[PDB]
Amino acid sequence: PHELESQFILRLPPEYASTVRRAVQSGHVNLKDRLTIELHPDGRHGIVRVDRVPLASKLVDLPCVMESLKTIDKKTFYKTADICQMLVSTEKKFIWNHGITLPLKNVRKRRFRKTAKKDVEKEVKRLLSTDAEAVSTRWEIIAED
Amino acid sequence: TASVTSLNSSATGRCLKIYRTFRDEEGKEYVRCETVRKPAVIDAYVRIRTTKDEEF
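Protein chains in written order, with the authors' numbering: chain G, 9 to 98, 127 to 154, 161 to 187; chain A, 1150 to 1205.
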């Protein structure tokens, strides 16, 4: 079978980004030893090791949706993957408010309609399970107390 | 955060409290009263309960 490739964006500190960029544009397999990525079983935490120097990483959710588009003639572009995650290196914390491009900054707060937005279902399921487990259930919409 | 209108705990300004009777190991009959301070989720839960009553 075929499994859709999973592309994400890696953001590095600027000096380490310059060293990684120079090693990528060089093209040797020396970069392979220099750059490693360890993703922790949290799923939202990691180390990126540049030249064997550990950096602390967080996999965050991006507010917009990006799409990688490949081409052979630079006139027709074929969509290859959807990017929604970024492993910035240096829950609410795992959500990124800004977008990658310069015009998209504070997009989630300002350029996003709140009608579309709004975990709730999981809490409802837990409440239903507790009610099923219980013998007698008493409910009242309340006031200030 | 960009200034936005802050909604009250629902139109009624009413929270949801649920009592639950259970039997512990050996012999016991403890009752746990739990209050939902979340306005939306609480409204959805009340709607689900009324819907379930009609499912009879």
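Heads up, the beta-carbon is just placed ideally off N, CA and C, and yes, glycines get one too.
Asked                                                                                                                         : Found
Members of the region 53–81 of chain G that neighbour chain A once the beta carbon cut-off is set at 9 Å                      : none
Top-ranked residue by Cα proximity to residue 18/G, from 170/G, 45/G, 172/G, 143/G                                            : 45/G
Within chain A, partners of residue 182/G - CB distance below 8 Å                                                             : 1166
Rounded distance between the beta-carbons of residue 133/G and residue 145/G, thought under 8 Å                               : 6 Å
Pick from 80/G, 68/G, 148/G that is closest to residue 128/G, judged by C-alpha positions                                     : 68/G
Cβ-Cβ distance between residue 96/G and residue 153/G below 7 Å                                                               : no
Residue range of the unbroken alpha helix (DSSP H) whose run includes residue 37/G                                            : It is not in any alpha helix (DSSP H) - residue 37/G carries neither H nor E in the DSSP assignment.
When 1169/A, 1177/A, 1155/A are compared against residue 1184/A, the one with the closest alpha-carbon                        : 1169/A
Burial state of residue 169/G, where buried means 16 or more other Cβ atoms lie within 10 Å                                   : buried
Within chain G, partners of residue 1194/A - CB distance below 7 Å                                                            : 166, 169
N- and C-terminal bounds of the alpha helix (DSSP H) containing residue 1158/A                                                : No alpha helix (DSSP H) contains residue 1158/A, which DSSP labels as neither H nor E.
Neighbourhood of residue 56/G by C-beta distance below 6 Å, restricted to the same chain and skipping five residues each side : 45, 63, 65, 97
Proximal residues to residue 1092/A (C-beta, below 7 Å), its chain only, five neighbours per side dropped                     : Because residue 1092/A is not part of the residues shown, which for chain A are 1150 to 1205, the question remains open.
Buried/exposed call for residue 155/G, threshold 16 Cβ in 10 Å                                                                : This structure gives no coordinates for residue 155/G. The numbering of chain G moves from 154 immediately to 161.
Inter-stretch contact (C-beta, 8 Å, three-pair minimum) for the region 28–38 of chain G and the region 137–144 of chain G     : no
Within chain G, partners of residue 1169/A - CB distance below 9 Å                                                            : 172, 173, 175, 176, 177, 178, 179, 180
Simplified DSSP state of residue 1193/A, which is helix, strand or coil                                                       : helix
Assigned secondary structure, residue 1200/A (DSSP; H/G/I helix, E/B strand, else coil)                                       : helix
Within 8 Å of chain A by C-beta, residues of the region 134–145 of chain G in sequence order                                  : 142, 145
Partners in chain G for residue 1151/A, counting only beta-carbon separations shorter than 7 Å                                : 145, 146
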